[PDB]
Structures are given as C-alpha cells and as structure tokens.
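J.: To be precise about what I am sending: the file is called target_25.txt and holds compact mmCIF, C-alpha atoms.
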# COMPACT_ATOMS: atom_id res chain seq x y z
CA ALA A 1 -42.75 127.36 72.75
CA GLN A 2 -42.86 128.68 76.33
CA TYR A 3 -43.93 132.12 75.14
CA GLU A 4 -46.49 131.87 72.36
CA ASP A 5 -47.92 134.44 70.00
CA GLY A 6 -51.57 134.43 70.95
CA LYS A 7 -50.94 133.22 74.51
CA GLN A 8 -48.94 135.59 76.83
CA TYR A 9 -48.97 138.19 74.06
CA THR A 10 -50.42 138.98 70.64
CA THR A 11 -48.74 140.48 67.58
CA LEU A 12 -50.01 143.69 65.98
CA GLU A 13 -51.07 142.95 62.40
CA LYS A 14 -50.24 146.60 61.79
CA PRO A 15 -46.91 147.30 63.57
CA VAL A 16 -46.32 150.88 64.73
CA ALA A 17 -43.00 152.36 63.59
CA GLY A 18 -40.99 154.60 65.92
CA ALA A 19 -43.22 153.61 68.85
CA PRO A 20 -41.79 153.83 72.38
CA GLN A 21 -39.93 150.73 73.65
CA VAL A 22 -42.41 149.96 76.42
CA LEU A 23 -45.74 151.76 76.16
CA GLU A 24 -48.51 151.39 78.76
CA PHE A 25 -52.06 152.86 78.55
CA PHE A 26 -54.42 153.27 81.54
CA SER A 27 -57.40 155.22 82.82
CA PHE A 28 -57.97 156.49 86.36
CA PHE A 29 -61.53 155.13 85.86
CA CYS A 30 -60.31 151.65 84.98
CA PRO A 31 -60.76 149.03 87.76
CA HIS A 32 -58.02 146.66 86.56
CA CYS A 33 -55.73 149.68 86.13
CA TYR A 34 -56.29 150.51 89.79
CA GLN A 35 -55.19 146.94 90.61
CA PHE A 36 -52.14 147.20 88.28
CA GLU A 37 -50.99 150.33 90.06
CA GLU A 38 -51.98 150.03 93.67
CA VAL A 39 -51.91 146.27 94.36
CA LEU A 40 -49.70 144.69 91.65
CA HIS A 41 -47.34 147.63 90.91
CA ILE A 42 -46.90 146.33 87.37
CA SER A 43 -45.05 149.34 85.90
CA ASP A 44 -42.52 149.17 88.68
CA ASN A 45 -41.86 145.47 88.44
CA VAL A 46 -41.48 145.66 84.69
CA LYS A 47 -38.97 148.48 85.11
CA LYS A 48 -36.92 146.42 87.60
CA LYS A 49 -36.50 143.64 85.02
CA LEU A 50 -36.05 145.67 81.85
CA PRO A 51 -32.57 145.76 80.26
CA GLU A 52 -30.23 148.68 79.93
CA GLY A 53 -31.35 151.71 77.97
CA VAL A 54 -34.99 150.67 77.64
CA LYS A 55 -37.30 153.57 78.58
CA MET A 56 -40.90 153.28 79.74
CA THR A 57 -43.84 155.42 78.69
CA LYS A 58 -47.27 155.54 80.36
CA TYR A 59 -50.24 157.36 78.81
CA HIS A 60 -53.82 158.13 79.93
CA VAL A 61 -56.85 157.57 77.64
CA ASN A 62 -60.05 159.47 76.88
CA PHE A 63 -62.54 156.68 76.24
CA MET A 64 -63.63 156.16 79.86
CA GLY A 65 -65.37 158.66 82.08
CA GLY A 66 -66.65 161.20 79.59
CA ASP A 67 -65.70 164.80 80.25
CA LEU A 68 -63.75 163.97 83.42
CA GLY A 69 -61.92 161.28 81.43
CA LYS A 70 -60.54 163.96 79.11
CA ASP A 71 -59.77 166.22 82.06
CA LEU A 72 -57.72 163.39 83.53
CA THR A 73 -55.78 162.91 80.28
CA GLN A 74 -54.88 166.58 80.36
CA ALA A 75 -54.01 166.30 84.09
CA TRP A 76 -51.76 163.34 83.32
CA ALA A 77 -50.03 165.54 80.71
CA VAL A 78 -49.47 168.15 83.48
CA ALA A 79 -48.07 165.36 85.68
CA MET A 80 -45.65 164.32 82.91
CA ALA A 81 -44.58 167.90 82.17
CA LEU A 82 -43.87 168.61 85.86
CA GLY A 83 -42.49 165.14 86.59
CA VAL A 84 -44.87 164.49 89.46
CA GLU A 85 -46.41 161.20 88.32
CA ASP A 86 -45.25 159.39 91.43
CA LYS A 87 -46.89 162.02 93.62
CA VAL A 88 -50.37 162.12 92.08
CA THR A 89 -51.03 158.63 90.66
CA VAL A 90 -52.27 157.14 93.92
CA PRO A 91 -54.46 160.08 95.08
CA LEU A 92 -56.00 160.30 91.60
CA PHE A 93 -56.86 156.59 91.54
CA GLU A 94 -58.31 156.75 95.07
CA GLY A 95 -60.09 160.03 94.34
CA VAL A 96 -61.83 158.57 91.30
CA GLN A 97 -62.44 154.97 92.41
CA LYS A 98 -62.19 154.69 96.23
CA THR A 99 -63.41 157.87 97.88
CA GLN A 100 -65.12 159.25 94.75
CA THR A 101 -64.12 162.78 95.68
CA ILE A 102 -62.98 163.62 92.17
CA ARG A 103 -65.99 164.98 90.29
CA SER A 104 -64.59 167.96 88.41
CA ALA A 105 -61.43 169.48 86.99
CA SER A 106 -61.18 171.53 90.19
CA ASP A 107 -61.15 168.36 92.30
CA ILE A 108 -58.36 167.00 90.08
CA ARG A 109 -56.40 170.18 90.70
CA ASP A 110 -56.89 169.75 94.48
CA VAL A 111 -54.98 166.46 94.32
CA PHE A 112 -51.97 168.27 92.82
CA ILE A 113 -52.23 171.08 95.40
CA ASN A 114 -52.37 168.54 98.22
CA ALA A 115 -49.34 166.78 96.74
CA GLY A 116 -47.51 170.11 96.96
CA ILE A 117 -47.60 171.42 93.40
CA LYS A 118 -48.09 175.19 93.65
CA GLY A 119 -51.40 176.50 92.35
CA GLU A 120 -49.83 178.96 89.93
CA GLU A 121 -47.53 176.26 88.61
CA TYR A 122 -50.38 173.80 88.03
CA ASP A 123 -52.56 176.41 86.32
CA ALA A 124 -49.64 177.53 84.12
CA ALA A 125 -48.92 173.95 83.00
CA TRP A 126 -52.62 173.12 82.58
CA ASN A 127 -52.92 175.98 80.10
CA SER A 128 -49.53 175.49 78.47
CA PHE A 129 -48.96 174.49 74.84
CA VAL A 130 -46.24 172.09 76.09
CA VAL A 131 -49.11 170.26 77.85
CA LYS A 132 -51.36 170.51 74.74
CA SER A 133 -48.74 168.62 72.67
CA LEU A 134 -48.38 166.03 75.44
CA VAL A 135 -52.17 165.50 75.27
CA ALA A 136 -51.87 165.06 71.48
CA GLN A 137 -48.99 162.60 71.93
CA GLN A 138 -51.21 160.54 74.26
CA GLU A 139 -54.11 160.57 71.81
CA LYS A 140 -51.93 159.71 68.79
CA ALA A 141 -50.16 156.83 70.52
CA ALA A 142 -53.56 155.33 71.39
CA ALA A 143 -54.86 155.93 67.85
CA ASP A 144 -51.75 154.26 66.45
CA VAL A 145 -52.76 150.90 68.06
CA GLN A 146 -56.54 151.22 67.64
CA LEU A 147 -56.77 151.06 71.46
CA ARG A 148 -60.18 149.82 72.64
CA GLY A 149 -59.34 148.66 76.16
CA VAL A 150 -57.16 149.26 79.21
CA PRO A 151 -54.89 148.37 80.90
CA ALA A 152 -52.72 147.68 77.85
CA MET A 153 -49.00 147.41 77.27
CA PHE A 154 -47.09 147.38 74.00
CA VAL A 155 -43.49 146.49 73.37
CA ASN A 156 -41.73 148.16 70.42
CA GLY A 157 -45.05 148.93 68.71
CA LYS A 158 -45.19 145.29 67.68
CA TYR A 159 -46.33 143.13 70.63
CA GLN A 160 -49.29 143.51 72.99
CA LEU A 161 -49.23 141.90 76.45
CA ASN A 162 -51.98 139.38 77.09
CA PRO A 163 -52.48 139.03 80.86
CA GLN A 164 -55.68 136.94 80.47
CA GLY A 165 -53.37 134.09 79.45
CA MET A 166 -51.63 133.98 82.86
CA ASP A 167 -52.29 132.36 86.26
CA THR A 168 -53.71 134.69 88.87
CA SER A 169 -53.90 132.36 91.90
CA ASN A 170 -50.87 134.14 93.30
CA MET A 171 -50.43 137.88 92.75
CA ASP A 172 -46.65 137.93 92.98
CA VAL A 173 -46.31 135.04 90.51
CA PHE A 174 -48.66 136.79 88.12
CA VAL A 175 -46.60 139.98 88.28
CA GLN A 176 -43.31 138.19 87.56
CA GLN A 177 -44.80 136.30 84.62
CA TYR A 178 -45.99 139.67 83.31
CA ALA A 179 -42.61 141.33 83.86
CA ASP A 180 -40.66 138.37 82.50
CA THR A 181 -42.91 138.36 79.43
CA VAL A 182 -42.22 142.07 78.81
CA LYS A 183 -38.48 141.34 79.11
CA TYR A 184 -38.75 138.44 76.66
CA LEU A 185 -40.61 140.57 74.11
CA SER A 186 -38.13 143.38 74.66
CA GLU A 187 -35.21 141.10 73.68
CA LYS A 188 -37.05 139.82 70.62
When written as structure tokens, how does the structure in this file appear?
T.:
Amino acid sequence: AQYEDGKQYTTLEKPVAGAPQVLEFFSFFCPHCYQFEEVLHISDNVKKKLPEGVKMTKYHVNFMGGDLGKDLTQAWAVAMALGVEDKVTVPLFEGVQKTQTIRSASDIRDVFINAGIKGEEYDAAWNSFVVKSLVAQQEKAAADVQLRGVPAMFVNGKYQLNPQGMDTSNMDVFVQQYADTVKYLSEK
C-alpha cells in the first residue's frame, strides 16, 4: 500500500491500552529533537492536520544528559502544570544545545524567570506533588513503550512513526509526509 507497516511507521508488538491519542517523546539534549522543534515544527504541523477531538501529549525523557536530564524532565512537568510550554521550549533547547548556558537546575530556572514565570510560582510548582505525579506520568508513558530513542511519536499506543523511511531533500515535504502519516494512523 501507500502507507506500509514497517515503512512510514511500525506496529507495537505490545500495544499500550489507554495511551494518549498522539504521544510524542523528546529530550532537550536530543539533536534531532532540536530540529523537530526549532526548524521543522513537527508538533505544530501535526496538530494542524489532526482531526476533531484528537489531543496531543508531549513528554520529556530521562535517558539523555544524566542528572540535568532528570532536572529537565521535572522542569518540563513544571511547564505542563503552569501551561508555559510555548514560552520555555525554545530557550531550553537553545540553552542546552546552542549557547550551552544551561548547566544546572538553577540555570533551568533562569529560563522560566526570563520567560516571566514568577520565582515563587516556579519554586512552588517545582516542589509540588502535582508536578511529582506529572514526572511519574512521563516516566510511565516511556516505560509503557520500552522507549530507547528520541524523537519518537506514538499514535493510540499502537503505531510508532518511522521518519527514517521518508525523503528529506525538502524540509517542508518531509514535514507534511510526517503529519499526513500521523493523520492516516489516527484514522486507522
């Protein structure tokens, strides 16, 4: 067919029940993830082509970047709790990979301060049990799919996107094939 199991996507031998409809995993340390966010804007272009009533989840992972890696997963939980993802995603990517000015939890916090989250509000969330359960949700979702690499995207806990099977001569064409593939899998 035009979309083939094993080509633009793969099928989980062990499907995950009750998984989110579209579930993306990334790391602020991950070079292709930087590309997906800052150059390709994958999450956004997928959103623009997803149907009605299909919600999108994006989670951070621990397995890159050691101690700071875990700090960033917790920081992403803060971002989700406060709803400031769109304000901190770029400065966190650039802080880790471009300028390399993120070297500690305190430097992560600075990004949120600079984006206008109040210090007391950040520190309260950081230490909150609401954020602890969000960190657990992130870990469990990754565990559920045996996640070993990023970026990764799953549709309905059953299908994993396979971008290596797509043409990358043209960025925009690549993005639409990716988005269109997510839409296809979504309607499966």
J.: Neighbours of residue 128 of chain A within 12 Å (only C-alpha atoms; same-chain residues fewer than 6 positions away dropped), as number ranges by chain?
T.: A: 74-75, 77-78, 81-82, 120-122, 134-135
J.: May I have the residues at most 10 Å from (-50.5, 147.3, 70.8) in the file's coordinates, counting only C-alpha atoms, as a list in words?
T.: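 Here the neighbourhood of the point contains residues 9, 10, 11, 12, 13, 14, 15, 16, 19, 23, 24, 25, 141, 142, 144, 145, 146, 147, 152, 153, 154, 155, 156, 157, 158, 159, 160 and 161 of chain A.
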J.: Which is closest to residue 136 of chain A among A:169, A:162, A:4, A:62, if we use only C-alpha atoms?
T.: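 Counting only C-alpha atoms, the residue closest to residue 136 of chain A is A:62.
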J.: Go through A:22, A:86, A:1, A:7 and flag the residue nearest residue 50 of chain A, using all atoms listed in the file for the distances.
T.: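 The answer is A:22, which sits nearest to residue 50 of chain A.
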J.: Could you pull the residues within 10 Å of residue 3 of chain A, counting all atoms listed in the file, minus those fewer than 6 positions along the same chain, as a list in words?
T.: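 Final neighbour list, sorted by chain and number: residues 9, 181, 184 and 185 of chain A.
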J.: Let me have the centre and edge lengths of the axis-aligned box enclosing all listed atoms of segment 75-79 of chain A with 5 Å padding on every side, in Å to one decimal, as lines of an AutoDock Vina configuration file.
T.:
center_x = -51.0
center_y = 165.7
center_z = 83.2
size_x = 15.9
size_y = 14.8
size_z = 15.0
J.: If we count only C-alpha atoms and set the cut-off at 9 Å, which residues sit around residue 64 of chain A, ignoring sequence neighbours fewer than 2 positions away in its own chain? Please answer as a PyMOL selection string.
T.: chain A and resi 27-30+61-62+66-70
J.: Can you write just those residues out, C-alpha atoms, as a CSV table (one decimal), in the coordinates of the input?
T.:
chain,number,residue,atom,x,y,z
A,27,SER,CA,-57.4,155.2,82.8
A,28,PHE,CA,-58.0,156.5,86.4
A,29,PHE,CA,-61.5,155.1,85.9
A,30,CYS,CA,-60.3,151.6,85.0
A,61,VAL,CA,-56.8,157.6,77.6
A,62,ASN,CA,-60.0,159.5,76.9
A,66,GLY,CA,-66.6,161.2,79.6
A,67,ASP,CA,-65.7,164.8,80.2
A,68,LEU,CA,-63.8,164.0,83.4
A,69,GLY,CA,-61.9,161.3,81.4
A,70,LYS,CA,-60.5,164.0,79.1
J.: For each of A:63, A:34, A:178, A:112, take the minimum atom-to-atom distance to residue 8 of chain A, counting all atoms listed in the file, then give the residue where this is smallest.
T.: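 Smallest distance to residue 8 of chain A is found for A:178.
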J.: Which residue gives the smallest distance to residue 124 of chain A among A:36, A:54, A:109, A:140, with all atoms listed in the file counted?
T.: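 Closest to residue 124 of chain A of all the choices is A:109.
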J.: Can you work out the spacing between atom CA of residue 103 of chain A and atom CA of residue 72 of chain A in Å, to one decimal?
T.: 10.8 Å
